[PDB]
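Chemist:
Number of protein chains: 2
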Amino acid sequence: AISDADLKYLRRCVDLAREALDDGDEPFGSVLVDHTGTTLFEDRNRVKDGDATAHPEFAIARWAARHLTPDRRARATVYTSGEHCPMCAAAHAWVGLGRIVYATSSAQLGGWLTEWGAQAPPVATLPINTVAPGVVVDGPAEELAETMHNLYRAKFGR
Amino acid sequence: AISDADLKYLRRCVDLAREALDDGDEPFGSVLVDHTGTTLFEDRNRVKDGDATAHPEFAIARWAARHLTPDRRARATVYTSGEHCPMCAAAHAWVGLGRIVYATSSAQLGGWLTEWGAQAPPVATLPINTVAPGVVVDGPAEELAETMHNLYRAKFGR
Ligand SMILES: Nc1nc(N)nc(-c2ccccc2)n1
Ligand SMILES: Nc1nc(N)nc(-c2ccccc2)n1
Ligand SMILES: [Zn+2]
Ligand SMILES: [Zn+2]
């Protein structure tokens, strides 16, 4: 299963996804943590002003390219409530970030959308390693499945 | 179906790729065209200052989300010298842009890189529609294969 320390940062990601929903946005949150265990950057979706590319994982990738050396990026971890879409997985790989840990997979998300009769996203729900074959990926976290099911249903399952 | 008009925009993308090469960057160029035929935005790779996500197709997607209505985006066309990487294909789909026309495929680039012993991209060379299933895609343009091979050789040959 997932480490206890990893699960604590995933719970922070879920809290960020809840912040996003409560601000009229989509429930996706992500945290960048360095190899010392220091949180460097936290973000959530910001698509409500009209830019559907406003994903936290992408913001993290550009922040890392700006602020961190290649060595430091490679040793950092990105935690996310939901597995990176292909945009974000590719951006992560381009900048040379390290491990990804997700609470819920894109397989879970896509399966729930179809359960609810909801439209699929306009991007295929490709696993990270289809897009970015070298990235170390862990998840999902069983303890957080129900919570994320309920967040996603609130936004996308009406 | 690559019309004479399409080839003209592709040639402009080649010119933008060469601008990038001559500025110390990588030879990738892209143009956003309104359905009325007006060029809206032009760009090329800007990765030399350390951000490997600085691709023109991505810049086009974010510019389009900032400046164009959804209806205008849907009717716009993106031309590119090189087929979108997954990052850029996904961004295009997220913002709801229209048709993509490319001069050279990402399979062609990948094959040329391998022949040079150049470092493969850390992203898979997925065709656009693997990432963005609903996007209308045309390309490659045989007339521009050699020209692009030569530009790529200038940057990545060894
Ligand atoms: N951050 C984010 N926002 C949305 N709306 N969807 C996604 C997503 C993640 C993986 C696959 C497909 C969509 N990611
Ligand atoms: N714009 C661009 N820049 C680079 N360095 N590589 C690409 C690329 C396109 C398709 C697949 C893989 C890389 N695109
Ligand atoms: Zn994303
Ligand atoms: Zn790209």
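Chains as they are written, first to last, in this note's numbering: chain Y, 401 to 558; chain G, 401 to 558. For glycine and all other residues, C-beta sits at the position ideal for the given N, C-alpha and C.
What is the rounded straight-line gap between the Cα of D406(Y) and the Cα of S430(Y)?
Modeler: Separation of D406(Y) and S430(Y) (C-alpha to C-alpha, rounded to the nearest whole angstrom) is 12 Å.
Chemist: Under the DSSP definition of a beta bridge, which residues are partnered with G482(Y)?
Modeler: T504(Y)
Chemist: Can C488(Y) be considered in contact with ligand 2, in the sense that its beta carbon sits closer than 7 Å to one or more heavy atoms?
Modeler: No, the beta carbon of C488(Y) sits no closer than 7 Å to any heavy atom of ligand 2.
Chemist: Kindly indicate if chain G contains any beta-carbon less than 8 Å away from that of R499(Y).
Modeler: no
Chemist: Which residue wins for smallest C-alpha separation from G437(Y), given the options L509(Y), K555(Y), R475(Y) and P521(Y)?
Modeler: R475(Y)
Chemist: Quick one: is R466(Y) near chain G, going by C-beta distance under 8 Å?
Modeler: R466(Y) counts as touching chain G.
Chemist: Any heavy atom of ligand 4 closer than 7 Å to the Cβ of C413(G)?
Modeler: no
Chemist: Quick one: residues in its chain with C-beta nearer than 6 Å to the C-beta of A461(Y), no 5 flanking neighbours on either side, listed in chain order?
Modeler: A491, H492 and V495
Chemist: With 8 Å as the threshold, decide whether the Cβ of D471(Y) is near any Cβ in chain G.
Modeler: No, its Cβ sits nowhere closer than 8 Å to a Cβ of chain G.
Chemist: In chain order, what residues of the same chain lie with their CB nearer than 6 Å to the CB of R412(Y), ignoring the 5 residues before and after it?
Modeler: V431
Chemist: Do the CB positions of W516(G) and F458(G) come within less than 8 Å of each other?
Modeler: no
Chemist: So, helix, strand or coil for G557(Y), using DSSP?
Modeler: Looking at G557(Y) - three-state DSSP - the assignment turns out to be coil, as it is neither helix nor strand.
Chemist: Taking 7 Å as the line, does the beta carbon of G496(G) fall inside it for any heavy atom of ligand 1?
Modeler: no
Chemist: Step through the CB atoms of chain Y and report whether any lies within less than 8 Å of the CB of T525(G).
Modeler: With its beta carbon at least 8 Å from every one in chain Y, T525(G) lies outside the interface.
Chemist: Any chance the CB of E426(Y) is under 7 Å from a heavy atom of ligand 3?
Modeler: Flag unset: Cβ of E426(Y) not near ligand 3.
Chemist: Going along the chain, which residues of its own chain have a beta-carbon closer than 6 Å to the beta-carbon of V536(G), five neighbours each way excluded?
Modeler: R499
Chemist: When you check each C-beta in the segment 506–519 of chain Y against every C-beta of chain B, which residues fall closer than 8 Å?
Modeler: Here chain B cannot be found, since the structure's protein chains are Y and G.
Chemist: If we cut at 8 Å on Cβ distances, does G534(G) have a partner in chain Y?
Modeler: For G534(G), the answer is yes, since a Cβ of chain Y falls inside 8 Å of its Cβ.
Chemist: Cβ of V433(G) less than 8 Å from any chain Y Cβ?
Modeler: Chain Y has no Cβ within less than 8 Å of the Cβ of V433(G).
Chemist: Going by beta-carbon coordinates alone, are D415(Y) and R446(Y) separated by less than 8 Å?
Modeler: No, Cβ-Cβ distance for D415(Y) and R446(Y) is not below 8 Å.
Chemist: Which one of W512(Y), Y502(Y) and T547(Y) has the shortest CA to CA distance from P527(Y)?
Modeler: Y502(Y)
Chemist: Would you verify that the beta carbon of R462(G) is, or is not, closer than 8 Å to some beta carbon of chain Y?
Modeler: yes
Chemist: To the nearest angstrom, how far is the alpha carbon of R466(G) from that of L497(G)?
Modeler: 13 Å
Chemist: List, in order along the chain, the chain Y residues whose C-beta lies closer than 8 Å to that of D451(G)?
Modeler: Near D451(G) (Cβ distances below 8 Å), the residues of chain Y are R462, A465, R466 and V495.
Chemist: Only counting the same chain, and skipping five residues up and downstream in sequence, which positions put a Cβ closer than 7 Å to that of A420(Y)?
Modeler: Around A420(Y): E426, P427, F428, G429, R444 and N445.
Chemist: Under a three-way DSSP split, which group does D471(Y) fall into?
Modeler: helix
Chemist: Should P522(G) be flagged as near chain Y, meaning a C-beta pair shorter than 8 Å?
Modeler: Chain Y contact via Cβ: present.
Chemist: Tell me the DSSP secondary structure of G429(G) in three-state form.
Modeler: Here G429(G) sits in strand by DSSP.
Chemist: May I ask which residues mark the beginning and end of the beta strand (DSSP E) holding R444(Y)?
Modeler: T439 to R444
Chemist: What's the call for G450(Y), buried or exposed, on a 16-neighbour Cβ count within 10 Å?
Modeler: exposed
Chemist: Quick one: measure Cβ to Cβ for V531(Y) and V523(G), integer angstroms, because I've assumed they're closer than 8 Å.
Modeler: 6 Å
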